[PDB]
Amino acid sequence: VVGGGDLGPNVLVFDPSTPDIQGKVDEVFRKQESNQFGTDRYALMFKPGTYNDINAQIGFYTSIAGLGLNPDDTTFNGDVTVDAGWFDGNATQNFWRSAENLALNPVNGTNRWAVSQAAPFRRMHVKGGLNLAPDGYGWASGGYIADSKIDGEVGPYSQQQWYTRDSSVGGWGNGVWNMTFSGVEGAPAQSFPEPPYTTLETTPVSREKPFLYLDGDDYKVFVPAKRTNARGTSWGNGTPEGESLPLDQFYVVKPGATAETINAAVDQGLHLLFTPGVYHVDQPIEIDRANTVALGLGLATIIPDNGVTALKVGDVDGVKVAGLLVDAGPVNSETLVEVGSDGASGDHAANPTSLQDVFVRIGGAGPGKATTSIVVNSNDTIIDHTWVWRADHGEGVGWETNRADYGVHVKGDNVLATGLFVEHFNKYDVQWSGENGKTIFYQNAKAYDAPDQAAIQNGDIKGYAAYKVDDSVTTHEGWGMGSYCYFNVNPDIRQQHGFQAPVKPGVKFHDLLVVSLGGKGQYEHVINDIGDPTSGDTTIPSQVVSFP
């Protein structure tokens, strides 16, 4: 396999002299604006410099990024904008897009990023305020900010929940159900339940997402070193720690590539750069070399055929998977992503493997099925922003038609999840069977389409927890976690709890909530048999500050 080469027709590379930048970005936006389940994919990459008179409106399956070592190397006097015009001010389907490694000087002092899930905002410098809500305070369900500096105020307004880590903000305007912060300079003080702020002084460990940049006229991928007890940006003090990898040390994957060729690339020592596109594979992509980077551009998507697993990472240190959508095929896959092998007991503490901006979809763009979407066997793994989503709308949706029993199953020890979004599974959305796990920010919604109580009976429990810790576990900690229901097929259903866990002094939760949307079903409790049921049709959360 030959490394390096051209990035393909779906990576649009701009510099300040490029003619009609605005028209070009507008053309992509008109194509992608309401293209929720289409198969086009775009990455908009900007060379270092200053860009004037630009409002880069970002639609579905569009990633926009600067190519400097530092965000302030690529500055827009202008905006990188997500709004909800196509959906009449409702921002709850603004998925699958991204912005990173840019400085913004927004036209009216405020940049609007009105997104919901799988819309990461990383390594950004906003010289002004950041508005997270659609124009009109419509519904919105984000969101994820990391390694960013916002000079002014962040305004969530109608956003339901949000996670921010290892950043700096000039202000924070409000909370709704669950705003969580770890390592954020300027974060509001811990105050849950009112306002619902969950605030941690540092992030236990984090490692910023690799990204493409230009060193002179050479393309390279920067690979940040991990930080322990992280706080504030990784780049504020100029010189960031990490390794730079030449693009010729990457297999540049373009659609047409087979899993055989991709796997041969890794075997031969090359990293992986998935250009924007959709990759249908008939055997798993196997990453069994330590320190391999597998970086997607433009919401690059992998679809496994034949019921195979899409991506398997071996029991090795340092693998960095980033920026990939895994879309289930119609033939049921036993697993979609596996990190490490069943029973693996080696540690990876100095140099862990990470999944970042890894999104999973089951159904929605046609029937799709998978039993367990992500299994995490390797100890010390970091899951830093994932959305694992069984579809509730689109093509191929049905209690049986896109059945997906389990979202994420964590079996490894010392696994950390930061920004964990998992929704709509027929059984447990998240199970945690490994020791000393930690989750900072959880967002769940329970399956809308359970047909009746008997269909979700779980032994002597009504329904399956959104987040279950196995009874054998002795240490676990979670912060800022919410489960919502909207049993619209059968609103007489009861869900016993959002959370289930053994009662042990080492198993601790902070700032839990469950919520029924419009009285469509109700929760009996928050965790186990503890916490008030939801009641009424007024969408008021039931909360638990500390457990046990």
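For clarity, a rigid core is taken as the largest C-alpha set superposing within 1.5 Å between two forms. Sequential numbering from 1, following the sequence displayed.
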{"property": "Between stretches 231-239 and 427-435, more displaced by Cα RMS in 7 other deposited structures of this protein (rigid core superposition)", "result": "231-239"}
{"property": "414-422 versus 251-259 - which carries the larger mean C-alpha B factor in the record", "result": "251-259"}
{"property": "Between 117-125 and 193-201 (mean CA B-factor, as deposited), the higher", "result": "193-201"}
{"property": "Residue, from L295, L102, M179, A350, that the PDB entry assigns the highest Cα B-factor", "result": "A350"}
{"property": "Member of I58, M45, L69, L512 with the greatest C-alpha B factor (per the PDB record)", "result": "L69"}
{"property": "Ranked C-alpha temperature factor of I527 among modelled chain residues, by third", "result": "lowest"}
{"property": "Assigned third (lowest, middle, highest) for the C-alpha B factor of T39", "result": "middle"}
{"property": "Third of chain Cα B-factors occupied by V408", "result": "middle"}
{"property": "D317 by Cα B-factor - lowest, middle or highest third of the modelled chain", "result": "middle"}
{"property": "Cα B factor band for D449 (lowest, middle or highest third within the chain)", "result": "lowest"}
